[PDB]
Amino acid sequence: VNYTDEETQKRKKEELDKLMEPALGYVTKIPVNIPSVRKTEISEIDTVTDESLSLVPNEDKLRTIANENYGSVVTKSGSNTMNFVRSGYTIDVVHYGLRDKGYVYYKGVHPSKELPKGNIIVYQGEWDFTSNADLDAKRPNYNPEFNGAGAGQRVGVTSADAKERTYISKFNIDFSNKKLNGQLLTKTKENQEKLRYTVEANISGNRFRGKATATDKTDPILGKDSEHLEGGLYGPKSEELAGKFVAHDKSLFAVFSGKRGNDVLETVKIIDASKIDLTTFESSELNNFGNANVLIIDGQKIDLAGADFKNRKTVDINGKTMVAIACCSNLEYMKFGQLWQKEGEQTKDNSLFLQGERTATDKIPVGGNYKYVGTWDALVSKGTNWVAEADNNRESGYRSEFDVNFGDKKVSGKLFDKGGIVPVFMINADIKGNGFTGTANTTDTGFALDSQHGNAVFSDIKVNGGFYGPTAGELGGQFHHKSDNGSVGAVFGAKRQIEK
């Protein structure tokens, strides 16, 4: 007697919804019937959190079982075609019995921060799948598409088990409308194509959510619809994509990849996510999927939302205990602050970070003058340390104030020390697209590190920033510099104002 958990129809839906959460990648186990049961659904769908394309998800765990049973592992990843994504399988091809057969996966690297500006862009690639296992269903003993007999009855069938067929994918991405359509086809040895799924999805950030409609509902294996297709663009300028879908009855798990051609396209920033190392004052990029209220550290999520003005978040990731101070509550489409690993009594690898969801270029105001008001975080190093930390005091806190002239395409900013009446930094930038670029300067004489005490002087430090939100109602930016006569790293964000 096989006793299992009674999963409500509600519970089943919620289960699939969790699979829609963006990630660098996903991997699944190929179902294998235990001798007791007759049906094994696709169940253990795990996220991929490692950031190296050479690492094949769970191949290590499979090679372990394979060697003991003297099996033979074969891996298909598309590594000879793709530069930023990997997809396919790792399979024990001489599999028999009840041991593990393998895994189906996709993973990607450098979640895209720039998309092509518009038009319809073709992406071509491949796809793969594993089915579930079901004795009490459909599947004929002879299946002209798959090698051998009984395919899909006691063990899940995969694209690896296909007879002289290739599995090709084609996508049209409408970047103007952030829509995506696609076809998943099979091609036989006689160059004859057969459509198996059509794909439709909506782009948000660098991710897409949608559905896969089965072409042939009489198909014993590839015949069920999916209301749960998710994937993402990868590569610095969306050179490639990858994703998955799960059939609504969990009878199929499919992965797909895609790569656009060599035609050079004009791109636009959709996402800002970078960090400044408060030791080297170098800037490095962070993974991000289009949500600025989520920080991705080692492929795992940290929620930055909170009830206070700024919030301290502590999450344990890969043994490393991380702490992030995220500001601010009044900013809906951006976050900035401090990031470090808690030694427990120190801080390891201190850094500042900036994240934001860029405004659409055609939604940047063509004219007008507005005031932006927020805070900032910084660190200055010249013998001793000078710090600025985010606060809620608009009067005499670590204020950040901006006048934006959209007509003259100009941004002018001032960063104040606490209690100060004169800014310590003055920002002068030019608005280009949905961002701005310029310089940060101290006064001729600078500002005291604190009450013979050395003080900081900085000339023409490069400033990078962007406008965030539907109508650019928020802005933020960063700058950093390393030298022997003083170093600095700063991040700031501000909210557009109205007059009462």
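Start at 1 and count along the sequence shown; that's the residue number.
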Residues of the deposited chain absent from the coordinates between residue 36 and residue 37 total none
Mean Cα B-factor check, 88 to 96 vs 304 to 312, entry values; winner is 304 to 312
Higher avg CA temperature factor (436 to 444 vs 25 to 33, as deposited) belongs to 436 to 444
Listed options 297, 74, 168, 229: highest C-alpha B factor recorded at 297
From the entry's CA B-factor values, the highest among 346, 181, 412, 251 is 346
Chain thirds by Cα B factor, record data; residue 207 belongs to the lowest
Temperature factor at the Cα of residue 163, chain-ranked in thirds, falls in the middle
Assert third(CA B-factor, residue 274) within chain per record equals middle
Residue 324: CA B-factor among chain residues, third -> highest
Assert third(CA B-factor, residue 395) within chain per record equals highest
